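Visitor: Each protein sequence line maps, in turn, to chains E, D, I and A.
Numbering-wise, the first sequence is residues 24 to 252, 259 to 358 according to the deposited numbering.
Numbering-wise, the second sequence is residues 24 to 252, 259 to 357 according to the deposited numbering.
Numbering-wise, the third sequence is residues 3 to 66 according to the deposited numbering.
Numbering-wise, the fourth sequence is residues 327 to 434 according to the deposited numbering.
Built from N, CA and C at the ideal position, the CB exists for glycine as well.
Structure provided below as structure tokens; questions to follow.
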Amino acid sequence: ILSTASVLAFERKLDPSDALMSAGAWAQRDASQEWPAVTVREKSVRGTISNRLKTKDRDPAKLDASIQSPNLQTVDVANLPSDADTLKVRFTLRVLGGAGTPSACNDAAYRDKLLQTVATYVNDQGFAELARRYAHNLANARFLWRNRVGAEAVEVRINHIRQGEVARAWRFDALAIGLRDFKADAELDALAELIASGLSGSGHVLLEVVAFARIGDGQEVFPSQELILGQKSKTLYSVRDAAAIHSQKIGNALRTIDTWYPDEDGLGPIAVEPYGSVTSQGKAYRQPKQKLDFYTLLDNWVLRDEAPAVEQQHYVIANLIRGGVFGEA
Amino acid sequence: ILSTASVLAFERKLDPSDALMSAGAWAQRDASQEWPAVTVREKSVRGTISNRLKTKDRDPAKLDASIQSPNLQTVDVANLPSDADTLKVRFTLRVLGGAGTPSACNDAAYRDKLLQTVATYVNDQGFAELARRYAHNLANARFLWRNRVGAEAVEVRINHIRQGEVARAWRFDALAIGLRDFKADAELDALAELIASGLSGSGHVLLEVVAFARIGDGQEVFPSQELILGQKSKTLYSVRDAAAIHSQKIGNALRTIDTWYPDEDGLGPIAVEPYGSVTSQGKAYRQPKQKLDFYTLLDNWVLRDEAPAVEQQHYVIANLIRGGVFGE
Amino acid sequence: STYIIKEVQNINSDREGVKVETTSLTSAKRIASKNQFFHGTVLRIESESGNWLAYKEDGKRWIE
Amino acid sequence: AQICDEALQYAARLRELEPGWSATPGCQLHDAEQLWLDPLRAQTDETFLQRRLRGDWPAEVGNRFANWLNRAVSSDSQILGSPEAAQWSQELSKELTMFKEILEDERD
């Protein structure tokens, strides 16, 4: 029967580090060192009643009463230095490898079957497709959620550090590269090959990504808001008195490769997550009712050895690469 | 039938940045750069009790007691340098675009219907009306709340930054431009066209607004007070040892265009806000009992496809541009 | 009795919950167990306010 | 009444247990509280400590207590125009009057 092990875990791969931020002049972009970080600050904000009230209270007096006593609230905002028109973001990326290698498995038969299926898939076709998809996300600024929107010029520089020095540099353009379309390029192919090798375990791979986006003088950046609990209801993530973006928040966008979602109605690339859940869209594609579900596909391809379509196999390999907890009680 | 989404949010558009302030002489207006900044300072202010007495008038003996115990208080004030008669305010403005594009929606049908209605409205008539209204606010000094009152000469300069270089400059006069009346001008039309294009997504748009108001030597500016949260009852907002104005406080004045409120327009422009609330007036125009409410108008124009008057449609588009949280 | 039923991975979390409006706690507990939407989640029952009424781990019995 | 009673007992036990309190941080809103428990003038101190406290009556303690209770106990905005709000304000005023009167004789 080879029942799935009640306890299954897969260590995540492609785990990047924190992303520091700084400001500077687009001209000095060639020389970007010693730039002061953006420090978070607090500013008083006088709110109002913008919430949608129910139909129970329609008396106009109640509304005027609320305006008498305003709602005082404190928030945190981060703005570029007095004289700075370009924002800089620096984050590293590592490739561990052994995606299919399970971290912990209760039954040996299941682990052996999984390793066999993974080796078979790799032999039939390599991870070059996933590596190429990840290369586009790393090249473009898709990792940014709101900083990219409304940008004049975005320039990404992906370096390669092997022994601690700059081995091979790469420079791309996020704006020129299509957001919803993937195009082939010599540099993209080289990067995809390097990522595939690292994942296969041919050697250590470290890539330092640095992006420069033109926003404007004195503009306000949108860092990752922290969790709270005039009481401050908005806390911006800051490390070493410097603004930054969460590691998981970056790794989530970076893995927005999956584009075979059943909806196929203009949504475009969707982050690889079980059940195709989307917070912004509020809809979870690839529901369990359909055979395209990740759990159903893996269970079938393991117990019945039913190899699904190349698209489903790619999605399943992406999920295994991302890692997680599977099985049941 | 079609129901609304319990979670609806629209990212704000036309989001400006902080406004730095400096002091200089009208003669040196050309040398705008290198003007020193205004540093906030603290001063002891002693005052008596001027609060209105309670309903029960007390004996006069207690009143004299208060005088023997004055209330010591410390506040913060900002004054121009020893020799400076002109104040300068510099702030940038960006146009993101995609106002109608919803940031997040639970139901796809609702999002598609909203995008369809927005495209239909744009095809029928463009945002040129909203862009023209915003152009007047940017041209005039409406952004200043108290600094403008009692000014000799106010000169606004709205530049256009393209790929880092100044593309097109503009120079207007807030005093010459009517505060309660909107008049047409070639420059205003050009600015409105540029704003409409930016909002439509024809390209990046950055406008640096710099105002110079003649107040007087050693005058006292009125920056935005911060929350008290050193026995300081009044704290002035200051960044990098320089006074400034809140982003929202600037965007509210820059967005004080809506004038079709149900009232007879006895007052000046009112910023687009839900329930037409007004802090200074203490009242809320466009009460929910009427049908002109933003929520009611959008619900009708979405579920029943009832297109309201051009004025209501303009107000609804302005609200969507401003952005916010709707639904539940 | 309004009871808020919430689900979270670890007992320490802040996730919204459904209002059962049941007569007694035992009813809310039986309803949460019968309608449990996940295997490894930790059921957390709380009153209308922020006070935690009780919690139950995936592999453990109800606790208060 | 029980709230004012339990409150006065805390100040009484504090003054009856602590020999005194010197300068402390956060004196912006805590200045009125320090005047509730008044230690004796030190032998090595000056004569300007009691002189300034003698001509000053503790009147901010009542406001700080009223605001503290208002923030501690929750109320409804729509109920401000109801009959319950009137009795609540009347009770709070009656309690604040006796509370301020109790401290008025303390300095005097």
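Relative to the C-alpha of residue 36 of chain E, which candidate in E/124, E/119, E/133, E/327 has its C-alpha closest?
Guide: E/119
Visitor: Under 6 angstroms Cβ to Cβ from residue 304 of chain D, same chain only, skipping five residues before and after it: list those, please.
Guide: 313
Visitor: Going by the beta-carbon positions, is the gap between residue 272 of chain D and residue 232 of chain D smaller than 8 angstroms?
Guide: no
Visitor: Tell me which residues share the same chain as residue 34 of chain I and place their Cβ nearer than 6 angstroms to its Cβ, disregarding the 5 neighbours each side in the sequence.
Guide: 7, 45
Visitor: How about residue 27 of chain E and residue 353 of chain E: do their beta carbons lie closer than 8 angstroms?
Guide: By the CB criterion at 8 angstroms, residue 27 of chain E and residue 353 of chain E fall outside the cutoff.
Visitor: Shortest alpha-carbon distance to residue 350 of chain D belongs to which of D/49, D/87, D/24, D/157?
Guide: D/157
Visitor: By the three-class DSSP mapping on this structure, what secondary structure does residue 24 of chain I have?
Guide: coil
Visitor: Residues of chain A with CB closer than 9 angstroms to the CB of residue 306 of chain D, please, in chain order.
Guide: By Cβ distance, chain A contributes nothing, its closest Cβ being about 15 angstroms from residue 306 of chain D, past 9 angstroms.
Visitor: Should residue 344 of chain A go down as buried or exposed, given a rule of 16 or more other Cβ atoms within 10 Å for buried?
Guide: exposed
Visitor: Following the continuous alpha helix (DSSP H) through residue 308 of chain D, name the residue where it begins and the one where it ends.
Guide: First-last for residue 308 of chain D: undefined, no H or E at that position.
Visitor: For residue 43 of chain D and residue 372 of chain A, what's the separation of their Cα atoms in angstroms?
Guide: Each residue's alpha carbon lies about 49 angstroms from the other.
Visitor: Determine which residues share a DSSP beta bridge with residue 44 of chain E and list them.
Guide: Its beta-bridge partners are E/112.
Visitor: Name the residue from E/31, E/112, E/38 whose alpha carbon lies nearest to the alpha carbon of residue 56 of chain E.
Guide: E/112
Visitor: Among residues of its own chain, excluding the 5 on either side of residue 193 of chain D, which ones have a beta-carbon nearer than 6 angstroms to its beta-carbon?
Guide: 181, 210
Visitor: Could you spell out where the alpha helix (DSSP H) holding residue 354 of chain A opens and where it closes?
Guide: 353 to 360
Visitor: Who are the neighbours of residue 335 of chain E on chain I, taking C-beta pairs under 7 angstroms?
Guide: What residue 335 of chain E touches in chain I: nothing, since even the nearest Cβ is about 24 angstroms away.
Visitor: To the nearest angstrom, how far is it from the Cα of residue 212 of chain E to the Cα of residue 219 of chain E?
Guide: Residue 212 of chain E and residue 219 of chain E: Cα-Cα distance of roughly 10 angstroms.
Visitor: Taking beta-carbon pairs under 8 angstroms, can you tell me which members of the segment 119 to 146 of chain E lie near chain A?
Guide: none
Visitor: Identify which residue in I/52, I/27, I/14, I/29 has its Cα closest to the Cα of residue 59 of chain I.
Guide: Among I/52, I/27, I/14, I/29, the Cα nearest to that of residue 59 of chain I is on I/14.
Visitor: Using CA coordinates, which residue listed in D/184, D/195, D/348 is at the minimum distance from residue 116 of chain D?
Guide: D/184
Visitor: At least one CB of chain I closer than 8 angstroms to the CB of residue 357 of chain E: is that the case?
Guide: yes
Visitor: Just checking: is the beta-carbon of residue 320 of chain D within a distance shorter than 8 angstroms of some beta-carbon in chain E?
Guide: no
Visitor: Counting along the chain, where does the alpha helix (DSSP H) carrying residue 145 of chain E start and finish?
Guide: Annotation for residue 145 of chain E: the continuous alpha helix (DSSP H) segment containing it runs 131 to 147.
Visitor: So, helix, strand or coil for residue 261 of chain D, using DSSP?
Guide: strand
Visitor: Give me, in chain order, the residues of the same chain whose beta-carbon lies closer than 6 angstroms to that of residue 130 of chain D; leave out the 5 immediate sequence neighbours on both sides.
Guide: 28
Visitor: Is the CB of residue 256 of chain E under 8 angstroms away from at least one CB in chain A?
Guide: Chain E lacks coordinates between 252 and 259, the interval that contains residue 256 of chain E.
Visitor: What do you get for residue 70 of chain D, buried or exposed, if any count of 16 or more other CB atoms within 10 angstroms of its CB means buried?
Guide: exposed
Visitor: State whether the segment 22 to 40 of chain I contacts the segment 58 to 73 of chain D, with contact taken as three or more CB pairs (one from each stretch) at a distance under 8 angstroms.
Guide: Result no; under three Cβ-Cβ pairs closer than 8 angstroms.
Visitor: Is there at least one Cβ from chain A nearer than 8 angstroms to residue 260 of chain D's Cβ?
Guide: yes
Visitor: For the alpha helix (DSSP H) containing residue 280 of chain D, list its first residue and its last residue.
Guide: 276 to 283
Visitor: Determine, using beta carbons only, whether residue 381 of chain A comes closer than 8 angstroms to chain D.
Guide: yes
Visitor: Counting only beta-carbon separations shorter than 8 angstroms, does residue 41 of chain D have a partner in chain E?
Guide: yes
Visitor: Could you list the residues in the segment 393 to 424 of chain A with a C-beta less than 8 angstroms from some C-beta on chain E, going in chain order?
Guide: 403, 404, 406, 407
Visitor: At what residues does the alpha helix (DSSP H) containing residue 156 of chain E begin and finish?
Guide: 151 to 162
Visitor: Relative to the C-alpha of residue 61 of chain E, which candidate in E/92, E/169, E/316, E/102 has its C-alpha closest?
Guide: E/102
Visitor: In terms of residue numbering, what span does the beta strand (DSSP E) encompassing residue 344 of chain E cover?
Guide: It is not in any beta strand (DSSP E) - residue 344 of chain E instead sits in the alpha helix (DSSP H) that spans 339 to 351.
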